[PDB]
Every structure is written in structure tokens, then in C-alpha cells.
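Shown below is the structure under consideration.
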Amino acid sequence: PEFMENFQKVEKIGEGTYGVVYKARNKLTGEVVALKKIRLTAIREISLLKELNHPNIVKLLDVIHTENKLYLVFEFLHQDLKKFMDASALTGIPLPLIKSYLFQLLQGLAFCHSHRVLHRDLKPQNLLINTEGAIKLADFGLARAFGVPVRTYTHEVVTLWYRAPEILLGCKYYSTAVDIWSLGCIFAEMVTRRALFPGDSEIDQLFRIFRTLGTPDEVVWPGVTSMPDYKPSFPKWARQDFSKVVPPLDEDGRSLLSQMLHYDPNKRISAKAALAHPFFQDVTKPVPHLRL
Ligand SMILES: CC[C@H](Nc1nc(NCc2cccnc2)c2ncn(C(C)C)c2n1)[C@@H](C)O
């Protein structure tokens, strides 16, 4: 395609939900960027994301619509948290680095949420890291523009593991709380080195949540029994103590995680409130052990 004459494709980074992603060099400026090519209201709203700038949001440099393709040109980062997690499987990511990452991601969310922008599909694969100790949120704003499909453009299953229960239960309106839920699940996975709720279908996802957190009821979540996909026949599981769910996380960490995984999105902690949590009293910005 013509647009691609502006860039040398250096390597394929991967397959995203919507399109293929390439590390590229701008043939003229020599700038190294990540190029997402999506095969085709969405243009207008994605274009508005160019102003949604923050140090913990992957910079959107350009939005180009040309020949039934949409190209999104981003800042390039060298690693994603999913691969970092897998690489850290023997040892675990050190707690101070987990804490720094969580603090940074909450800052990114606080920013986007203050501008009434949600992500809606946070997952380790779209959390990108650099050598300086930064982590940044990728694909912010794309799910609103395109939806979140069941399969990706290459037919891969879009993971349900981070999806908030209100979405699974069929709520029409997503609040910023969906992103806090996803981040809580990611926090837990960093700590324990296993996904918290690895569902392989919507019902399995919902049941895994319920097995850990208890089957939700009107006590904990007003209105849940009126949600579109709620069934009175759901099994009633008891809630498990977080001390079991995420050892060896400390009391402050378990408190915060619990608040990020409240069922009621109106009760779930906000990004701004999370930043103030005592868990972060001693937050630092360590440099991650990396090889590129
Ligand atoms: C494939 C799915 C996407 N991943 C992705 N990874 C990026 N770097 C991590 C990486 C780099 C090289 C090799 N291995 C991983 C990246 N740097 C900017 N971007 C834009 C496009 C956001 C990147 N995107 C996103 C959708 O998760």
C-alpha cells in the first residue's frame, strides 16, 4: 500500500486485536515508530486521541485513513508486560517494580479518565515497558471506536481474563471502573505469576470470578440481579480471603486489590483514589532487569 512507502518495516511486532503491528522507521525522518495497520465516526474519535497525551500513555503520533486502511502511528516501546511476565516466570517480578508499574498505570488511567476516555480492554499484551522503568497503556480509545470483537482480525480469541463482571453480565454503559477491574487482575497476575481469572468462555470467566470473589448479589452489587445476562441459576459460591488469592502481597496491597475488584462499579476505587492509597507510601521507580 502507498502509505507504507513512508516507512521501512523493520520487523513484525505482532498481531493486535484489530490489525498487524510493525516496528518501522520513517524513511525520511528516521524516527522509529510502531505502525498499526487496520483493514476497514471511528476516524473522528481516534483522531481526538492525539491530544490525549500523558507519560504513561503510549503516544499516538498520527492517524491516517488511506485506501480502506487505517494506520495508527505510535511511539515504539521495546517490550510488553505479557512477555516480561513470561520471562520473569522463575523469579517473579520484584515487588517494588510491581508497585512502580501499578502506580504508573494508575496515573495513566487517572489522566485518561479525567478526560472521560476509557480503555475497555486492558491486558498485559497492551501494557508496554521501556528500559527506564516506565510502563504505558497502549490502544487507549480503540475499543470505543471499533468495539471489542470475539476474535481478532486473525481469528485469535480475544482474552476474557481481564474483563469486568458488568461487561460479562451485559451492561450497556461502560464506566471508567472497567479499567480499574482489568488493572486489578493484572496486578494480581504480576504478584502471583498466574492469571487470576483465566476463563475460556464467558461463563467460565464469570464463574471463575464468582468462585474467588463470591457470587454477587444485591447486597454487594445493587441491581446486579437485573442485569441482562444475570441468571438466578448461577451457582452460589462463597467469597475467598485475599490472603489466599494473592500471597505474598502485603496488607496494603491486598486492601487496594480488593478495592479494585469490588463488584459494584460505583464502589470500585477510582484511579485518583488509588494513587492516594497507603500501598504507594513507599513507591519508587526501579530499573527492570531487561535484555533487548
Ligand atoms: C501486537 C500487539 C500490540 N503490541 C505492541 N507492542 C509494542 N512493543 C512491544 C514489543 C516490541 C517488539 C517485540 N515484542 C514486543 C508496541 N510498541 C508500540 N506499539 C503500538 C502499536 C501501541 C506496540 N504494540 C498492542 C496492541 O498490544
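Numbering of ligands and ligand atoms starts at 1, following listing order. For the numbers below, each heavy atom of this structure counts, side chains included, while hydrogens, waters and symmetry mates do not. Residue numbers count from 1 along this sequence.
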Any salt bridge (charged side-chain N to carboxylate O under 4.0 Å, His left out) involving residues 258-274? Give me the pairs, sequence neighbours left out, ordered by first then second residue.
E166-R268, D264-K267
Considering the heavy atoms of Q79, write down every atom of ligand 1 situated less than 4.0 Å from one of them.
9 (C)
Looking at atom 23 (C) of ligand 1, what's its closest protein heavy atom, distance included?
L128 CD1, 3.5 Å
Could you check whether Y153 and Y18 have their ring centres less than 6.0 Å apart?
no
Near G14, which atoms of ligand 1 are under 4.0 Å from a heavy atom of that residue?
1 (C)
Quick check: closest heavy atoms across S100 and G133, and the distance to 0.1 Å?
OG-O, 4.3 Å
Note the single closest protein heavy atom to atom 2 (C) of ligand 1, along with its residue, its atom name and the distance in Å.
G16 CA, 4.0 Å
Geometry only, no angles: is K83 polar-contacting ligand 1 at N/O separations under 3.5 Å?
no
Which is it for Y22 and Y71 under the ring pair (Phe, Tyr, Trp, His ring centres under 6.0 Å) test, yes or no, and what are the steps along the way?
CA-CA 11 Å; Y22 304 119; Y71 296 87; 8.8 Å; no
Is it true that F103 and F279 have ring centroids separated by less than 6.0 Å?
no
Can a side-chain donor-acceptor contact be found between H119 and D139 if the only test is distance below 3.5 angstrom?
no
Using a strict 4.0 Å cut-off to heavy atoms of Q125, name the atoms of ligand 1 that fall inside it.
25 (C), 27 (O)
Atom 19 (N) of ligand 1: the protein heavy-atom neighbour that sits closest, reported with distance to 0.1 Å
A34 CB, 3.4 Å
What I want to check is whether the side chains of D204 and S201 have a donor and an acceptor closer together than 3.5 Å.
no
Nearest heavy atom to atom 26 (C) of ligand 1 wins, so pick from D139, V73, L137.
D139
Between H78, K37, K36, flag the one that comes closest to atom 10 (C) of ligand 1 by a heavy atom.
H78
If you round to the nearest 0.5 Å, how far is NZ of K23 from CZ of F7?
14.5 Å
For atom 3 (C) of ligand 1, what's the nearest protein heavy-atom neighbour? Residue, atom name and distance, please.
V21 CG2, 4.2 Å
Starting from atom 22 (C) of ligand 1, find the nearest protein heavy-atom neighbour and note its residue, name and distance.
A138 CB, 3.6 Å
May I ask you to list the atoms of ligand 1 that are less than 4.0 angstrom from any heavy atom of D80?
9 (C), 15 (C)
Does any N/O atom on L77 come nearer than 3.5 Å to any N/O atom on ligand 1?
yes
Go through ligand 1 atom by atom and flag the ones less than 4.0 Å from a non-hydrogen atom of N126.
27 (O)
Do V10 and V33 sit in one hydrophobic cluster, given that two such residues count as connected whenever their side-chain heavy atoms are within less than 4.5 Å of each other, even indirectly?
no
Testing the basics here: between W181 and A164, what is the closest heavy-atom pair and its distance to 0.1 Å?
CD1-CA, 3.5 Å
Does ligand 1 have any atom sitting under 4.0 Å from a heavy atom of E75?
yes
At less than 4.0 angstrom from any non-hydrogen atom of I13, what atoms of ligand 1 do you find?
5 (C), 6 (N), 7 (C), 10 (C), 11 (C)
